Structures are given as C-alpha cells and as structure tokens.
K.L.:
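Here it is, the structure in full.
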There are 6 protein chains.
Amino acid sequence: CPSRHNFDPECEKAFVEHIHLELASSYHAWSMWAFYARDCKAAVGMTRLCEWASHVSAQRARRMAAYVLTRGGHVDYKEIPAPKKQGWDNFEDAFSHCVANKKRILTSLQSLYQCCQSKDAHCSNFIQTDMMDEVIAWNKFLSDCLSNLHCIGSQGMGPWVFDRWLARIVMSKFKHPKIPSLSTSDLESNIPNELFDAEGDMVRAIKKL
Amino acid sequence: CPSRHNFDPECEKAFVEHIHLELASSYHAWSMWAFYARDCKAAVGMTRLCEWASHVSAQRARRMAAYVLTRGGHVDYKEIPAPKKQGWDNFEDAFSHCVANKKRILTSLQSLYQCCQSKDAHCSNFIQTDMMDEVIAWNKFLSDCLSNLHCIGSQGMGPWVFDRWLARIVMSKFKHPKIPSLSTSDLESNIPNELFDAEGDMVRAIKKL
Amino acid sequence: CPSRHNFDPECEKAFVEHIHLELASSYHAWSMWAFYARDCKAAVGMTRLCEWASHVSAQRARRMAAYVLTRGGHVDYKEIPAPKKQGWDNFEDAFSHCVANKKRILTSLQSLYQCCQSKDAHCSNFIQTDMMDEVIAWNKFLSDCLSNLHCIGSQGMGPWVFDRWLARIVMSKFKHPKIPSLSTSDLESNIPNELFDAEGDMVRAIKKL
Amino acid sequence: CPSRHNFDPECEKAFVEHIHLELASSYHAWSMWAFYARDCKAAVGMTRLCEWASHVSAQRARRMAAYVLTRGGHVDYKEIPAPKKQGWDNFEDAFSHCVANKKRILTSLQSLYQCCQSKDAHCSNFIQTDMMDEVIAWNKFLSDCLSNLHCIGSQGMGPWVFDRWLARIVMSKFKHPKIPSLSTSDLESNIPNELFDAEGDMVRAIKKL
Amino acid sequence: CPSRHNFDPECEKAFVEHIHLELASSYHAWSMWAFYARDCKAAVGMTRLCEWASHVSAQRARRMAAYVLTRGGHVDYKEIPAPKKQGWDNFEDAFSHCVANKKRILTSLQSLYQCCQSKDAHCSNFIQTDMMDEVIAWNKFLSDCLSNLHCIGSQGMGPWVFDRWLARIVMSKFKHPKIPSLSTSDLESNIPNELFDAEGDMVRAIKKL
Amino acid sequence: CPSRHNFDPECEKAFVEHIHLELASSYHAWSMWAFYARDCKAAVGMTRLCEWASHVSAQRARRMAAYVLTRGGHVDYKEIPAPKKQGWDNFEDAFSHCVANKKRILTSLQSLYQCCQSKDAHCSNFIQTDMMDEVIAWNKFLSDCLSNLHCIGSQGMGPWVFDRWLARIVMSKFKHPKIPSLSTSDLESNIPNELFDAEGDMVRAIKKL
C-alpha cells in the first residue's frame, strides 16, 4: 500500500495495541465458556453469559480495526497469549475477574483519548462514544450480579436458582444464529459448485413473481 | 472436575490439537480481510469472502470443542501464533494459500479418523460426517475460482470484474448480523440495569395479548 | 385574583396543609428509590415499588390542588423538608416506615372530613371517596407484604426470591412512559423551532388521508 | 454501602448540587401552573406549558441521579426551597423568568463540564450530549414566544388569541397519562389484595390463546 | 468537447445570462429566509415562503441549463453577486421587492423569446411554456398577498395572524425532504464503504421475496 | 434585531466564513455536473454523483446557518466566486480535485473546533458530530473509487464499465424529487389563486371521511 498518511502514527500504534487487548479478552472468555460446560459443572447461565461476552469482544475488536482502516492506516496482527488461570472456585471469583478486566479496558481507553485529544476531534469523539459506553454498562451489570451473589451465599441451592435466573434473563437478549456453509448434499444439482449459478437463480425468481 | 473418564486420552489430545489448528486458521483469515480493505486496495469481493471464511472456521472450532465436552473430556487452551505473511501480490497467491491450508486440514482430519477408528465408532462417524464435508466443498469452490482467475489474467480490468462478480455471489449466501449489547441510552428507564427486569417485561406482554 | 370567595377559608388552609404533606411523602419515596438502586444493593423490586409510590403521591397532591382551584380558592406553596433517615437495615424497616406514613395520612384526612362535614356536603364526599380509598388499599397491600417478609426471614436467599417476585407483580401494573421534549436533531428541518409549524402539519395530514 | 469508589468525589458533589437545582426548577413550575389555573385567570395554554415544563425538569433530575448511581456513587437529598414570587402581571414577565432560569442552568452545566473534562471523558460527553441539548432548544423556543408576545402587545384580545394558539401547539406534543393505583372496587374479587394473584392471571391468559 | 454546433451562439449566450439571473434570485431568497428566522423576528410563514421560493428558483436554473445541454451547447458559469439589502421594515417591503424581481425576470424572458422567434420554433415554444407560466402565477399570488397586507395594516396583531395563515397555506403544498448522505454509524457492517455492496444487497432482496 | 448576544462574536465570524466555504463547494459541483452531461461526454454515473454532491453541500450550509441562528446570532451573506477550472482530462483528475476539497474542509472544521473548545461545550460537540462524520465517510468513498480507477486504467472500455457501475450504485441511494410550484392550468377552478382556498379544501376532506 503506497498510502498510509493523514493518520498520526503514534495514534495508529496505540489503536493496534488496544485491538490486540480486545482480541485477548475475547479469547479468554472462551476458556470460561468451556470450563462451565463440563458434565461435572453444567451451569447453563454462566455458559450463555460467557458466549455472549466473547462475541461482544470480537465485535469490538472488528469495529476498532474498521475505524483504523477508514482513516487510511494499516493494521498489523501479532501473537495472542493464552489465558493464565482456567479454573474458578465459585461464581464470585469469575465475576471479580471480569470486573477487573473491564477496569483495565477502561484505563486503556482513557489513555487513548488523552493521546488523541489535542489534534483529532473526530478520533476523540469516536473513542468516547463508540467504545466507552458498552464498558460502563457492562461494568454496572456485573457489579450488580456480584452484589446479589455475595448476598445470596455460596452453599446449598442458592447458586443453582441464581444460575437458572441468569440463563433466563440472558437468553431474552442474545441468541447466536448459525453460520451458513457449503456441503456435498444434492451433488447432482450443483455440478461445478453451489455458488456459481447464484445469478441465474435470481433471474428464475423474477420470472416466478 | 472429578470426571474426565470414558473418552480415550490420546484421542482427546489429538482433538485439542486440531481445535488449535482451526483457531489459527480463523485468526489468519482476519489478516487477509484487513489487507484487502485498505483504501489503496478496496476489493469488496475478497473482503466478503475472507470475513465469511473466518466465521466458518470459528464455528468449526466451537463444534469440535462441544463434541469433546459432550463425551466427558476437558479442553485446555494455549497460545495462538501470528500469521507469517500479511501481503499478497495478486488474487492467485491468496487463493493458492487457502487451497494449501485446506489440504493441511484434511490431512490432520484423516489422521484423527485413523487414530479413533478401531475403538470408537461414533467418534469416527462424527469425524467423517461433521468435519470433512465442509472442507471438500470449500476446496472444490476455491479450485474453481483459481482456475477462472488463471484463465482471465492479471492485467487490465479483468480482476475488477471478477471481484465484483465474487462479491455478488458471496453476498447471496452470507450476511453477518449485528451482536446486541448494553448501553446507557434511556438511563432513566433502566435504573438498576436493563436486564434485571426482563421477567417483568414478559408478564406485561402477556397482558397485552 | 379578585375572586377567592365561596370556599371556607379554614377548609382552604387545611387543604393546603394536606397538599404539602402529600408532596413531602412523594419526595421521601425518592430517597428510598435512590438507596435501593446502588450497585451494592441492586434490589429491583424495591426500586420499582418506590418509583410507583412516588408517582402516586405526586398525582394525589395534584388532584387535591385541582379540587381547591375548582371551588374558587388559591394555593400557596412553601418549603419542602428533607427526609430524616436515608438508610434501612432490611426490607421490614422500610415497609414499617411506609405503613406508619399511611396511618398519618389517614388521620389527617379524617380530621379534614370532620372539619368540612357540617357545611359542605360535596367537599366531604370528595374527601371520603377520592382520597381515602387509595390509602386503605395501599395499607392492606403493605401489611400483607410485611407479614410475608416476617414469616420468610431475613437471612439466606429468601429476601432475594421475595424481591424477584415483588418486581414481577409490580411490573404487571405500572410502567412509567417517557416524557417527550425538544432537541436539536434535524436542525435544517425545524428552522425557527419544532413546535411553531404544528398547525401546518395537521393540514398536510388531512391531505394524505 | 461499602462501595463508593471510582467516581471522583468532587464531581459527585457537583452533580448532587445540580440535581437539587433541577428539582427546585421543577417545583417552581408548579406554582406558575397553579397561578394560571385560577377561575379569574383561566389561561389554558400557559397551564399546559407549565405542566409540561415541570414534568420535563423532574425527568432531567431523575436522569442525572441515575447517571450518578451507574458510576458507583451515592445521592444524598436535602431541603427544597419555596419559590419567591407567585404572581405575574402579564405573560412577558413569566417568559422572561423562564429564560433567566434556563441561562442559570446552562451556566451550571458548563461549570460541571469544565470540572470533569480533564480526567473523565465519558462524564464530559454525557454532560454535553444528554443535558445541554434540551436547554438550548427550550431557550430558543421561549425566546421566539417572547418576541412574538412583545410584538403583539398587552391589551385587548391579542393575548387571548395567543393563548389559544399556544394551547393548540403544546397539546400536539405532550399528554400526561394517568398513573394507575389501587382501590376497593370489586372487593369480593380481590380478597387478599389485587396484586398477589398477578402470576395466576398470566397462566389464565396463556390458556385462552 | 468537439461538438457545440446547431444551436445559435447568440441564443446560447442569452440563455447563459438568464441562467445566472435565476441563480442570483435563488441566492437572494436565502438572505430573506435567514433574516426572518432570527430569534427576535420569528415569523414562520415568511420563513416557509422564502425557503420554497429559493428551491423553485434553483429548479428553474437547472431546467434552463438542461435545455441548453439538450440542444448541444455548453454552459459556462461565472460569479454570483451578493444581495444588496438584507433587512426589511415590514412584510410589505419584502413583497414589493419580490414583485419587482418577478417583473424583471419576465422582461428578460420576453427579450429571449423575441431573439429566438424567427428561426427556432421549438426554442420559442419552450420559452413561452416552460418558463413564463410559473412567473405569471407567482406574480398573481404575490400581488394578492400584498393587497391583503395593505388592507390589514401594519400595527397590532394583524401581521401576526396573517403570518400564521400564510404558514398554514404554504405548508399544505411544499415540504422539503431530507437529502440522504453517508456516515460512520455501524462501522463494522460496511467495511470498505456502504455503497460498494449495493448490488449484492439487491440479490439478497430477490431471495427474500 | 436588538438581540445578538450570548454567542461569542469570533465564533460567529468563523462560522459565517465556513458557511461561505460550503456554498462555494456546492456551486463548484454544478460545473462538473454540467461538464459531464454534454452530448460529447454522456457519462451518467459522474452526472448522478455530482448532482448528489451539490445537494449534500447545500444541505450542510443550511444546517450550519440554522445552528448559528439557534444560538441567537446573525448571518451575513457575501459574494460567491466562480470555479477556476471547468474541464477535466479523465475521471482521475475529478476525483483528485474532490479529495483535495474534502481535505480543505476538514482542516477548516478542525480550526473551528479548536477555536470554540475552551468555552462552549455544545458548540464543539456540534462541530465534531454533525459536520465531520459526513466528510470522513465521503473521503473514504472517494479514495476507494480513485484506487479502483487507477487500477483499471484509462484506455479502452474500462471507464465505460466503471461509469455504468457507478450510476447503478449511486441511484440506489439518492433520487431528487421534483419541487412543486404554481401554474395557470385549470384557470377557471382557482380564480383568485390556487393557495387561498387551501383551508376550505381541508374542511371538504373531513366531510368525505
């Protein structure tokens, strides 16, 4: 690419660093999702919450990369580290871990805003609108859940009831759809391949209406 | 977890290795997507294709992890390496790279099937049905695209027309929906937070019908 | 205003006093609402109940002022004192506080009825129909809730389950709509201001039908 | 509450002060509403406008309190002073009073923004988006009304015609709905109380559909 | 352009001159629109009328340029002068100014018709049908408004009532729609840019029906 | 106007200067539109794009003037200069010209934001939200088009295919509606004029429904 100008290089470097931070957070949500789906754990609410969190983090990383590309910069990708701890004694530890991660993300975003505030107004507005609001809302939600868990306790069937309630409230908002793909079903109908005749299909449809 | 039995440990280790391979492929698709979206490249068809491929690979990794968890095993996650090359001279190089990756994936899957064939019939059936068909179909599609590109050439406006056609045929099958999240809009309406009243909303809806 | 006759001045003074009492009750509900919405409390049911109570008290004060104005009197407003206690150890204390406030309101209303009974029949009918019924019903509801809470206990997850149930039953009856306002969105469309062309809009609508 | 951290204490104090300012403005609108509804005044347009203004101010105070609670702070409520003047010679004086109040509110908000600008980006964005826009729009509308009134005059039937027009344009935007409550109607049907069987009702409804 | 023949050069020059006259009239309507929208004027009817007039004049200039291009000529653009007076004592002066401008436009059009009448029949028909009718109708409307204003007077609330009526009658005929544009909302969905995938969208739509 | 206070005079002057800049850009788009519509050029896509750009620039100028009027200032209009060059060798030159103009606009807006940042928070928010986003998006789109054109070439039928595609994608978003006007058709039906009976028509319509 013979064009990487306009955008300030230091801001570009900091943006790429934050992109990698978001990718690491998305990866770490996967480990929690896998941990709580074991046949000896079977906690449906935590599973749904962790899946939703991982998808949200991936979308945030994609959005920041798209913003960097819109201003005319380049994005360089590097190594993604493995999560350190892959087990939790109870729900309180997991919620505390998530709260600490949110605080770290907010600190990084504030540093970015401070860096880009003097020159680029649009960049600072993007930082303070499209990236911070989600973090603030998620932090409030997680803090409320943590307070409720601390009040309820950690023995008996209290955690089970809490998990059922959490699954109910999470499923009312998020539901991941399936990703379509290709297969060898009906081989005799798609001889070269399935996609190559798409245009033709469109013509057929117009003749039906 | 005091339960990790039944599933053969060697098969579990090989399955985890293949999961990491799929995750690496998904990560590498992101670099191509970012490369072809630069303001000095602006190739819409390649962008759509790479986005679709990354989502497909992520779904495949999730499916294999779910199968391991269903049989009673554990999944341990480790480091994801960075892609080596992040630039391509023309479309032919990118398509060749993808074809080679597909061949590597197929070889790994065949080794897995050979390992698990003697004892576990269900595992071998899962390998040969739910994992190989997608790879075979994608390999055929990519080979057809590569042959067409080689016939067309690499100079003039041929690649531009090919890219427009590719975008048209890809968009007829895949369209990634947005992931819902939380925000601070309408603060006075969701005082503790937005999710905590979900159950109440349901009751209201029943009274309306 | 050169007209303040007909209505008995002593009745007018007592009515104004009761209006200020209702306003004070409405203000005190706000403190409870703010207390139970803290991130370290997060009790959704109590929040909904307190919000509903504050709105009900405000409506009652408005109704009494409207009745005074209908009979030809004047309303003079004075200072609203701050609530004394702004913290509660458990739900039982809050419910007891509300019950005591209801008893005080009922005593004041009975005194008003006694004052106005001899001369004005319409005023006494208004007092005994439009002001007392709400208080009686609310007192019964709060007493039932208090008895249930005392039976349940104050330790473990009993209060959490009670709070969830309370939110469910309150939300089935009350939902505060948003108050519309003015903004600077679409500045080029409402040049003087948004309201000044309302009449014109009406004409347009008639031409569409 | 063992948690009041994160939020800067000086910003919290200033926010609470502004909350009390908004509450005072909401209270003062009530006096104007009561003044213009007397049987010797009977100005419908001014009544509607003052009612709308009081509701808007109350909503603004609620929104600021909710924002403070979301960031993890506490809200402490204090005394609300009585309005000073409770009579106006003509509409021009009332409109001038409202304009001056709007200017005072804007100055306070600007001071808040200056205080919180250096450290918290999200707080400053909230101040400049969710609080200032309404004030600017309302100030423009009130200034336009004041200019029209000054041009029209103050004698004859000019003010009366203006009052009809104002009522017409205000009523096209705002309409306060009734607040539901409890009563003793149909006593034999709701024996413990009306709310306690809400869940049961829902089941019945599902069986009807 | 190696083709500028057929069309008579003198007619082309006169047409370009009239195009610039229409553009100047459109520009001058903007100043009146801005003058009557000040917070110390706030005349909604005059604002609507001036906005409509400016749009009409711009459309007329576009139509004349299109006619010149259809016959095979060229259009050369030059400087647009500023309006001389930017204030008016009352509505009568503004209406008189508009009437005088209409008379000037009609004189110019008559000169054009005289110039092109001998040779080109189609050009003269275009002048007498597509350009004069609007001017005649607008002149009649403005003269009627001026007579009504002169009869009404210039003191009291007469002009204000007239302004409401004018706004009502203008708004029943004209309403300028918003012009769509591009933005950075939903950045993650339109990665290269929003327009480049339009064709693909069409295919998707056909598959839905 | 005896009222021009509140708004800072230096900010007002800078705003008026930027308004004139936007008007000049809108005027210059007209010359390109006229150039590409000649019978010896006949490029439909460029014609549509230039028409859309001119309308967008006019709307932006109107929006900035409306914002100045809302804050209580005055707008003074001056002379609009003629465009310098009115011919282009190929599409690349036109796209480069547009990109340079966008860069100039962005620099001016950044200077405005710097000027108004210290005192007025609402003004700076308006600058960074309602004026910069459009420029950023349009710059990205034009850069993508320029890169595609440079890759395609400048000889043969490549530009023709590109122009057809550009027309297709532009027309999917923008379509300028006709501006209604007055005429002398059906003279016997609208005797004084067409508008004067509008109110009566409304009554008739109500009687039909």
Side-chain angles (χ1 to χ4, degrees), chain A residues 6-25 57 60-61 63-68 70-73 75 100-139, chain B residues 184, chain D residues 5-12 14-15 67 70-73 109-130 132, chain E residues 184 187, chain F residues 106 109-129 132-133 136:
Chain A
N6 317 316
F7 210 34
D8 197 37
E10 307 325 346
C11 298
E12 205 203 83
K13 199 185 305 322
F15 267 66
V16 172
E17 227 82 53
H18 192 85
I19 285 167
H20 284 94
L21 192 60
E22 297 274 4
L23 281 174
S25 159
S57 276
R60 282 167 63 78
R63 174 151 70 234
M64 185 155 273
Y67 183 82
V68 163
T70 296
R71 294 308 295 277
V75 181
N101 186 235
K102 292 293 175 310
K103 259 142 208 203
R104 201 170 317 121
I105 294 278
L106 197 60
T107 296
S108 177
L109 283 179
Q110 176 68 39
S111 187
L112 253 184
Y113 172 87
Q114 220 93 66
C115 154
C116 89
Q117 166 195 39
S118 79
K119 330 98 168 193
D120 219 307
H122 191 263
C123 184
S124 66
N125 182 73
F126 166 80
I127 286 298
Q128 80 195 337
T129 47
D130 278 6
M131 310 298 300
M132 283 182 170
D133 208 51
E134 265 176 314
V135 182
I136 301 282
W138 272 84
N139 183 76
Chain B
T184 55
Chain D
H5 26 71
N6 317 316
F7 210 34
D8 197 37
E10 307 325 346
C11 298
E12 205 203 83
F15 267 66
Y67 183 82
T70 296
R71 294 308 295 277
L109 283 179
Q110 176 68 39
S111 187
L112 253 184
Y113 172 87
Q114 220 93 66
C115 154
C116 89
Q117 166 195 39
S118 79
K119 330 98 168 193
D120 219 307
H122 191 263
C123 184
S124 66
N125 182 73
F126 166 80
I127 286 298
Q128 80 195 337
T129 47
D130 278 6
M132 283 182 170
Chain E
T184 55
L187 215 32
Chain F
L106 197 60
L109 283 179
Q110 176 68 39
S111 187
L112 253 184
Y113 172 87
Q114 220 93 66
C115 154
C116 89
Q117 166 195 39
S118 78
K119 330 98 168 193
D120 219 307
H122 191 263
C123 184
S124 66
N125 182 73
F126 166 80
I127 286 298
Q128 80 195 337
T129 47
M132 283 182 170
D133 208 51
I136 301 282

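Every heavy atom of this structure was used, including side-chain atoms; hydrogens, water molecules and symmetry mates were not. Just so it is clear: chains get the letters A, B, ... in the order the sequence lines come, proteins before strands, and each one is counted from 1.
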K.L.:
What salt bridge (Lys or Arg N to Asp or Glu O under 4.0 Å) pairs are there with at least one residue in residues 101-113 of chain A, not counting sequence neighbours?
P.N.:
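The answer is none; no pair qualifies.
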K.L.:
Rounded to the nearest 0.5 Å, how far apart are CE of A:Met131 and CD1 of A:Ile136?
P.N.:
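It is 13.0 Å, given to the nearest 0.5 Å.
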K.L.:
Do you know which two heavy atoms are closest between D:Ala14 and D:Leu112, and how far apart they sit?
P.N.:
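Heavy atoms of D:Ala14 and D:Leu112 come nearest at CB-CD2, 3.5 Å.
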K.L.:
Quick one: CD on D:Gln128 to CZ on F:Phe126, what's the gap to the nearest 0.5 Å?
P.N.:
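Answer rounded to 0.5 Å: 13.5 Å.
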K.L.:
A:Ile105: which residues meet the side chain to side chain contact (heavy atoms under 4.5 Å, CB included) condition with it, sequence neighbours left out?
P.N.:
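Result, side chain to side chain contact (heavy atoms under 4.5 Å, CB included) vs A:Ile105: A:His18, A:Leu21, A:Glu22, A:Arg60, A:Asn101, A:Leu109, A:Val135.
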K.L.:
For F:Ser111, which residues count as a side chain to side chain contact (heavy atoms under 4.5 Å, CB included) partner, sequence neighbours excluded?
P.N.:
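F:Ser111 satisfies side chain to side chain contact (heavy atoms under 4.5 Å, CB included) with no other residue.
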K.L.:
Working to the nearest 0.5 angstrom, can you tell me the gap between D:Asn125 CG and F:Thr129 OG1?
P.N.:
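Going from the CG atom of D:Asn125 to the OG1 atom of F:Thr129 covers 9.5 Å.
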K.L.:
Report yes if some heavy atom in the side chain of A:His122 is under 4.5 Å from a heavy atom in the side chain of F:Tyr113; otherwise report no.
P.N.:
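They are not in contact (no side-chain heavy atoms under 4.5 Å apart), so the answer is no.
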K.L.:
Side-chain contact, heavy-atom cut-off 4.5 Å: A:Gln110 with A:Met132?
P.N.:
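Side-chain contact under 4.5 Å: yes.
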K.L.:
Sequence neighbours left out, what passes side chain to side chain donor-acceptor pair (under 3.5 Å) with D:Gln117? Give chain and number order.
P.N.:
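D:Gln117 satisfies side chain to side chain donor-acceptor pair (under 3.5 Å) with no residue once adjacent residues are dropped.
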K.L.:
Quick test of your reading: applying salt bridge (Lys or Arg N to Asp or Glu O under 4.0 Å), list the pairs with at least one residue in residues 113-133 of chain A, sequence neighbours left out, ordered by first then second residue.
P.N.:
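Sorted result for residues 113-133 of chain A: A:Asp8-A:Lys119, A:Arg71-A:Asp120.
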K.L.:
Which residues pass the side chain to side chain contact (heavy atoms under 4.5 Å, CB included) test with F:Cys116, not counting sequence neighbours?
P.N.:
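Side chain to side chain contact (heavy atoms under 4.5 Å, CB included) check on F:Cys116 returns F:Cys11, F:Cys123, F:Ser124.
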K.L.:
Go through the structure and list residues passing side chain to side chain contact (heavy atoms under 4.5 Å, CB included) with D:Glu12, not counting sequence neighbours.
P.N.:
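Partners of D:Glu12 under the side chain to side chain contact (heavy atoms under 4.5 Å, CB included) test: D:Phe7, D:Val68.
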K.L.:
Sequence neighbours left out, what passes side chain to side chain donor-acceptor pair (under 3.5 Å) with D:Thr70? Give chain and number order.
P.N.:
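Counting only residues at least two positions away or on another chain, D:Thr70 forms no side chain to side chain donor-acceptor pair (under 3.5 Å).
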